[PDB]
């Protein structure tokens, strides 16, 4: 009887649904999300791989959107680096164990569980390199997102309602530590006092811009685009401001 088998296999997930603050309408999707290929006791649903595939693109979008909207106004290169750093199996594995996913993971592999235990312990200590990252932990962080998406009738909004609280602190930490965009940094410091002049074309086919910072003087930047020129000029102004005479 499939429902009796479901009831057996989902025993203990109550605690997990409370922890993430989401109640599954269809528990089969939650079981599927946590079912590794090796979990032969699950004779009623697919393993997590399809959900992982969907969840990967869902998280890529929600994380990308967040990065793009960040009022730090990261440059394209910084956005790219941040996306690579965050949309990432290791980062996903770290967040999975932070939020106890390993306590609900379904697999038959003593060796995998040993790797998981060591990784959980390391991450706990780290958060109060020769630790192997259990890729399945990253996998189920993704597959659960896919499961919530499916269970909620394909709602990205419901997914992010659940995932944002888990992700935002790490996203914010990474976003706060990457190099600042020199334009936004200057304007944080001198919002009405830093003024960029119109772009001018150079003999060598570049763009030159001057930023004047009232009380500090004028600083020139050149680059292969207006964006790069502004950045260059701001970086110079910032250096003078920091030097403080």
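Positions refer to the first chain, counted from 1.
Taking the mean C-alpha B-factor of each stretch as recorded, 130-138 and 144-152 are not equal, and the higher mean is that of 130-138. Of the two stretches examined, 99-107 and 117-125, the record assigns the greater average C-alpha temperature factor to 117-125. Take 42, 26, 64, 181 and read off each C-alpha B-factor from the entry; 181 has the highest. Across the residues 47, 189, 30, 58, the deposited record lists the maximum Cα B factor for 189.
When all modelled residues of the chain are sorted by CA temperature factor, residue 70 is found within the middle third. Ranked against the other modelled residues of its chain, the C-alpha B-factor of residue 230 as given in the entry falls in the middle third. In the PDB entry, residue 35 places in the lowest third of its chain by CA B-factor.
In the PDB entry, residue 207 places in the middle third of its chain by CA B-factor. When the modelled residues of the chain are ordered by their C-alpha B factor, residue 90 lands in the middle third.
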